Each structure stands twice: as C-alpha cells, then as structure tokens.
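Engineer:
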Amino acid sequence: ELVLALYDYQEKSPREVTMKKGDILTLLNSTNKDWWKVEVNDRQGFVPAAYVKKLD
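Residue numbers (the deposited numbering): 7 to 62.
#1: Using only the alpha-carbon positions, how far apart do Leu12 and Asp40 sit?
#2: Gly51 and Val44: beta carbons closer than 9 Å?
#3: Do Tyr15 and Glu7 have their CB atoms nearer than 9 Å?
#4: Mapping DSSP to helix, strand and coil, what is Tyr15?
#5: Checking 9 Å against the spacing of the C-beta atoms, do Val9 and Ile30 come in under that value?
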C-alpha cells in the first residue's frame, strides 16, 4: 500500500505521473507487471514498477 520512489520519473504521457527520488507514494494498483498506478500529491497515475519499492 505504500511505495518508495527509487529514482526521479517525469510523466511522458497523459496516464503518467511525475515523482522524485525518496517520495512516498500510495499504491493504488499493481496488477500490471510494468506499470503501477499510484497517488502523488493528490494526482493519480502510472509509473514504472521497477522505479519503486513496496514497504509492507
């Protein structure tokens, strides 16, 4: 349910969100292997699964 951003990522498309290294994001949906939907600063969208780490 929470994930740590391991790298910066800037949205490159409408369904994407931007994040900074060290940001703590709310994990909305990780059914897809490559793209995870998250919430950052009351924005929602996708980031690469590999660029974040679950906390549990």
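We treat Cβ as the ideally placed atom computed from N, Cα and C, and that holds for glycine.
Structural biologist: Let's see:
#1: 15 Å
#2: yes
#3: no
#4: strand
#5: yes
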